[PDB]
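Chemist: Sharing a structure, written as structure tokens. Questions coming.
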Amino acid sequence: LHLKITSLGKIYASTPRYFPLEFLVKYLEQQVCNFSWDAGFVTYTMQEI
Amino acid sequence: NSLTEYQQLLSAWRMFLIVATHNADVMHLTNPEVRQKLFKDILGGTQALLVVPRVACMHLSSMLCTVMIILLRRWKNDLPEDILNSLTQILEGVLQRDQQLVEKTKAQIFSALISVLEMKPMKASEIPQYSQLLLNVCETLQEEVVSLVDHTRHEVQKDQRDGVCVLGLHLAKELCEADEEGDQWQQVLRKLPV
């Protein structure tokens with residue numbers, strides 16, 4: 001999922017109307033909560049973009 | 001089915017307010033409270049009308065736009081954040097529109113936003129969605145500029161393209177003058193080979 005999100009954000013992060021940063025961040029935080037992943041996910045993936 | 005009726009009645013209110021502002025004393029149109037009520041109402045009307053996705057709404061909003069423009073020019077000294085957000089959403093809809101019919105609306109909304117910023121010197125921090133605002137300004141600038149480029153190149157409708165060009169230019173100039181650090185401007189120029 002980090003791979004995929006890194007990819008898509010790497011394409012659309014330049015146009016704020018198709019890269020809902022806040023919604024994406026909240027959704028990734030909720031997903032990390034759901035799957036008990038490393039809390040460093042969201043920061044790492046989003047900074048990678 | 002009540003379309004033509006409301007249209008003519010709006011033409012009436014328009015001509016009435018126009019002849020009023022031209023001679024405000026004869027109309028007793030000195031009330032800045034009434035002036036601001038009128039300005040805000042005509043603005044919001046242009047907004048709600050220009051929000052409908054699916055030709056009538058176009059012409060109606062265009063009349064409302066000419067009106068609001070002349071009115072703001074005359075009542076500037078009587079004339080903001082919510083207005084900024086509203087003109088933002090309005091320009092957003094004007095962007096999702098087919099170009100060949102939204103030009104004048106874009107120019108109007110732009111001069112409106114310019115008046116909104118010139119009304120009070122504001123830093124980027126007080127501008128809601130300032131990131132998105134400059135983003136859209138850049139998108140429109142890029143598109144229309146490339147267009148005017150091709151138009152001037154094929155010339156191997158003269159003045160209006162250059163007018164809109166200089167307009168967006170001064171617009172972005174002021175927007176950058178609001179962002180002294182350029183960090184957002186930096187992210188922008190990095191996103192676009194303007």
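Chain labels run A, B, ... following the order of the structure tokens; each chain numbers its residues from 1, and ligands are numbered from 1 in the order shown.
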Hey, list the chain B side of the contact with chain A: 10 Å cut-off, only C-alpha atoms, answer as a PyMOL selection string.
Modeler: chain B and resi 92+129+131-133+135-136+139+187-188+190-192
Chemist: Save out the residues we just selected, C-alpha atoms, as an mmCIF file, in the first residue's frame.
Modeler:
data_model
loop_
_atom_site.group_PDB
_atom_site.id
_atom_site.type_symbol
_atom_site.label_atom_id
_atom_site.label_comp_id
_atom_site.auth_asym_id
_atom_site.auth_seq_id
_atom_site.Cartn_x
_atom_site.Cartn_y
_atom_site.Cartn_z
ATOM 1 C CA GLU B 92 -13.263 26.470 -9.094
ATOM 2 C CA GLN B 129 -6.716 27.418 0.880
ATOM 3 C CA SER B 131 -2.183 26.854 -1.529
ATOM 4 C CA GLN B 132 -5.191 25.825 -3.610
ATOM 5 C CA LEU B 133 -5.850 29.429 -4.614
ATOM 6 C CA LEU B 135 -2.584 26.462 -7.570
ATOM 7 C CA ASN B 136 -5.704 27.343 -9.520
ATOM 8 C CA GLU B 139 -3.318 26.405 -13.747
ATOM 9 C CA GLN B 187 6.790 24.349 -4.581
ATOM 10 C CA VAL B 188 4.686 25.892 -7.333
ATOM 11 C CA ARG B 190 8.835 23.277 -9.033
ATOM 12 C CA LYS B 191 5.504 21.808 -10.084
ATOM 13 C CA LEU B 192 5.219 23.935 -13.235
#
Chemist: So that I can see what lies close to residue 4 in chain A, please list as a ChimeraX atom specification the residues with an atom at most 12 Å from it, counting only C-alpha atoms and leaving out residues fewer than 6 positions away in the same chain.
Modeler: /A:10-11,45-46,48-49
Chemist: As a PDB file with N, CA and C atoms, in the first residue's frame, please: the residues near residue 75 in chain B (cut-off 12 Å, only C-alpha atoms, same-chain neighbours under 6 positions excluded).
Modeler:
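Result written to part_33.pdb:
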ATOM      1  N   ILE B  18     -28.341  50.148 -11.283  1.00  0.00           N
ATOM      2  CA  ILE B  18     -27.333  50.865 -12.058  1.00  0.00           C
ATOM      3  C   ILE B  18     -27.645  52.352 -12.067  1.00  0.00           C
ATOM      4  N   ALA B  20     -29.418  53.844 -10.158  1.00  0.00           N
ATOM      5  CA  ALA B  20     -29.298  54.321  -8.790  1.00  0.00           C
ATOM      6  C   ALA B  20     -27.872  54.731  -8.471  1.00  0.00           C
ATOM      7  N   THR B  21     -26.920  53.812  -8.633  1.00  0.00           N
ATOM      8  CA  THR B  21     -25.539  54.106  -8.268  1.00  0.00           C
ATOM      9  C   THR B  21     -24.994  55.282  -9.068  1.00  0.00           C
ATOM     10  N   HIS B  22     -25.463  55.459 -10.305  1.00  0.00           N
ATOM     11  CA  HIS B  22     -25.000  56.599 -11.088  1.00  0.00           C
ATOM     12  C   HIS B  22     -25.435  57.929 -10.480  1.00  0.00           C
ATOM     13  N   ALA B  24     -26.643  58.235  -6.886  1.00  0.00           N
ATOM     14  CA  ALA B  24     -27.059  57.686  -5.596  1.00  0.00           C
ATOM     15  C   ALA B  24     -27.878  58.665  -4.762  1.00  0.00           C
ATOM     16  N   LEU B  29     -29.322  56.642  -2.444  1.00  0.00           N
ATOM     17  CA  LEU B  29     -28.501  55.439  -2.309  1.00  0.00           C
ATOM     18  C   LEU B  29     -27.153  55.788  -1.676  1.00  0.00           C
ATOM     19  N   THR B  30     -27.242  56.485  -0.544  1.00  0.00           N
ATOM     20  CA  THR B  30     -26.085  56.800   0.277  1.00  0.00           C
ATOM     21  C   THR B  30     -25.790  55.740   1.324  1.00  0.00           C
ATOM     22  N   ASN B  31     -26.762  54.904   1.652  1.00  0.00           N
ATOM     23  CA  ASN B  31     -26.613  53.949   2.740  1.00  0.00           C
ATOM     24  C   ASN B  31     -25.504  52.951   2.434  1.00  0.00           C
ATOM     25  N   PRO B  32     -24.356  53.036   3.105  1.00  0.00           N
ATOM     26  CA  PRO B  32     -23.338  51.994   2.921  1.00  0.00           C
ATOM     27  C   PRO B  32     -23.792  50.639   3.411  1.00  0.00           C
ATOM     28  N   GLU B  33     -24.666  50.591   4.419  1.00  0.00           N
ATOM     29  CA  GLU B  33     -25.253  49.316   4.813  1.00  0.00           C
ATOM     30  C   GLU B  33     -26.034  48.707   3.658  1.00  0.00           C
ATOM     31  N   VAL B  34     -26.870  49.510   2.999  1.00  0.00           N
ATOM     32  CA  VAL B  34     -27.606  49.023   1.839  1.00  0.00           C
ATOM     33  C   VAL B  34     -26.656  48.729   0.689  1.00  0.00           C
ATOM     34  N   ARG B  35     -25.627  49.562   0.515  1.00  0.00           N
ATOM     35  CA  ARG B  35     -24.654  49.306  -0.538  1.00  0.00           C
ATOM     36  C   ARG B  35     -23.991  47.950  -0.352  1.00  0.00           C
ATOM     37  N   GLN B  36     -23.595  47.637   0.879  1.00  0.00           N
ATOM     38  CA  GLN B  36     -22.935  46.367   1.149  1.00  0.00           C
ATOM     39  C   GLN B  36     -23.909  45.209   1.027  1.00  0.00           C
ATOM     40  N   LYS B  37     -25.149  45.400   1.481  1.00  0.00           N
ATOM     41  CA  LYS B  37     -26.160  44.369   1.299  1.00  0.00           C
ATOM     42  C   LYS B  37     -26.333  44.046  -0.177  1.00  0.00           C
ATOM     43  N   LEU B  38     -26.467  45.080  -1.008  1.00  0.00           N
ATOM     44  CA  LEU B  38     -26.615  44.876  -2.443  1.00  0.00           C
ATOM     45  C   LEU B  38     -25.409  44.159  -3.027  1.00  0.00           C
ATOM     46  N   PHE B  39     -24.205  44.621  -2.692  1.00  0.00           N
ATOM     47  CA  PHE B  39     -23.006  44.002  -3.239  1.00  0.00           C
ATOM     48  C   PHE B  39     -22.927  42.528  -2.863  1.00  0.00           C
ATOM     49  N   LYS B  40     -23.102  42.218  -1.577  1.00  0.00           N
ATOM     50  CA  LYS B  40     -23.031  40.835  -1.126  1.00  0.00           C
ATOM     51  C   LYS B  40     -24.107  39.983  -1.781  1.00  0.00           C
ATOM     52  N   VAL B  67     -22.758  43.570 -13.593  1.00  0.00           N
ATOM     53  CA  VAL B  67     -23.335  44.413 -12.555  1.00  0.00           C
ATOM     54  C   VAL B  67     -22.401  44.503 -11.357  1.00  0.00           C
ATOM     55  N   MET B  68     -22.020  43.355 -10.800  1.00  0.00           N
ATOM     56  CA  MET B  68     -21.203  43.344  -9.595  1.00  0.00           C
ATOM     57  C   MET B  68     -19.885  44.059  -9.827  1.00  0.00           C
ATOM     58  N   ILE B  69     -19.339  43.948 -11.035  1.00  0.00           N
ATOM     59  CA  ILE B  69     -18.076  44.613 -11.330  1.00  0.00           C
ATOM     60  C   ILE B  69     -18.243  46.121 -11.253  1.00  0.00           C
ATOM     61  N   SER B 115      -9.892  42.701  -6.000  1.00  0.00           N
ATOM     62  CA  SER B 115     -10.502  43.676  -5.110  1.00  0.00           C
ATOM     63  C   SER B 115     -10.566  43.155  -3.686  1.00  0.00           C
ATOM     64  N   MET B 119      -8.592  45.027  -0.832  1.00  0.00           N
ATOM     65  CA  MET B 119      -9.428  45.632   0.198  1.00  0.00           C
ATOM     66  C   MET B 119      -8.716  45.658   1.542  1.00  0.00           C
TER      67      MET B 119
END
Chemist: So that I can check the secondary structure, give me every residue of chain A assigned helix (DSSP H, G or I) by backbone DSSP, as a ChimeraX atom specification.
Modeler: /A:2-12,21-35,41-48
Chemist: Please produce an output containing C-alpha atoms for each residue in the selection, written as a PDB file, in the first residue's frame.
Modeler:
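Below is the file out_14.pdb, written as the result:
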ATOM      1  CA  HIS A   2       2.899   2.357   0.709  1.00  0.00           C
ATOM      2  CA  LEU A   3       4.275   1.512  -2.728  1.00  0.00           C
ATOM      3  CA  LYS A   4       0.948   2.257  -4.416  1.00  0.00           C
ATOM      4  CA  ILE A   5       0.276   5.473  -2.489  1.00  0.00           C
ATOM      5  CA  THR A   6       3.817   6.692  -3.070  1.00  0.00           C
ATOM      6  CA  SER A   7       3.281   6.096  -6.784  1.00  0.00           C
ATOM      7  CA  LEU A   8      -0.095   7.819  -7.113  1.00  0.00           C
ATOM      8  CA  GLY A   9       0.878  10.776  -4.940  1.00  0.00           C
ATOM      9  CA  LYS A  10       4.100  11.094  -6.928  1.00  0.00           C
ATOM     10  CA  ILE A  11       1.885  11.747  -9.958  1.00  0.00           C
ATOM     11  CA  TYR A  12      -0.907  13.915  -8.559  1.00  0.00           C
ATOM     12  CA  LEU A  21      -3.792  15.236   1.277  1.00  0.00           C
ATOM     13  CA  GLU A  22      -5.782  15.549   4.501  1.00  0.00           C
ATOM     14  CA  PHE A  23      -8.278  12.824   3.610  1.00  0.00           C
ATOM     15  CA  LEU A  24      -5.447  10.542   2.511  1.00  0.00           C
ATOM     16  CA  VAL A  25      -3.556  11.175   5.752  1.00  0.00           C
ATOM     17  CA  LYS A  26      -6.595  10.475   7.915  1.00  0.00           C
ATOM     18  CA  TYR A  27      -7.406   7.335   5.917  1.00  0.00           C
ATOM     19  CA  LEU A  28      -3.852   6.011   6.162  1.00  0.00           C
ATOM     20  CA  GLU A  29      -3.839   6.719   9.895  1.00  0.00           C
ATOM     21  CA  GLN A  30      -7.112   4.803  10.261  1.00  0.00           C
ATOM     22  CA  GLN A  31      -5.760   1.910   8.175  1.00  0.00           C
ATOM     23  CA  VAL A  32      -2.535   1.729  10.211  1.00  0.00           C
ATOM     24  CA  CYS A  33      -4.769   1.684  13.277  1.00  0.00           C
ATOM     25  CA  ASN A  34      -6.780  -1.164  11.762  1.00  0.00           C
ATOM     26  CA  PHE A  35      -3.795  -3.316  10.768  1.00  0.00           C
ATOM     27  CA  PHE A  41       4.042   4.361   7.764  1.00  0.00           C
ATOM     28  CA  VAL A  42       2.153   7.558   6.914  1.00  0.00           C
ATOM     29  CA  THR A  43       5.142   9.857   7.396  1.00  0.00           C
ATOM     30  CA  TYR A  44       7.484   7.585   5.440  1.00  0.00           C
ATOM     31  CA  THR A  45       5.175   7.038   2.463  1.00  0.00           C
ATOM     32  CA  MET A  46       3.969  10.639   2.220  1.00  0.00           C
ATOM     33  CA  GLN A  47       7.482  12.069   2.568  1.00  0.00           C
ATOM     34  CA  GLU A  48       8.618   9.624  -0.108  1.00  0.00           C
TER      35      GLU A  48
END
Chemist: Go ahead and compute the interatomic distance for CA of residue 72 in chain B and CA of residue 2 in chain B, in Å to one decimal.
Modeler: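 Atom-to-atom, CA of residue 72 in chain B and CA of residue 2 in chain B are spaced 29.5 Å apart.
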Chemist: For CA of residue 50 in chain B and CA of residue 100 in chain B, quote the distance in Å rounded to one decimal.
Modeler: 15.2 Å
Chemist: One decimal, in Å: what's the spacing between CA of residue 181 in chain B and CA of residue 86 in chain B?
Modeler: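 Distance reported for this atom pair: 26.4 Å.
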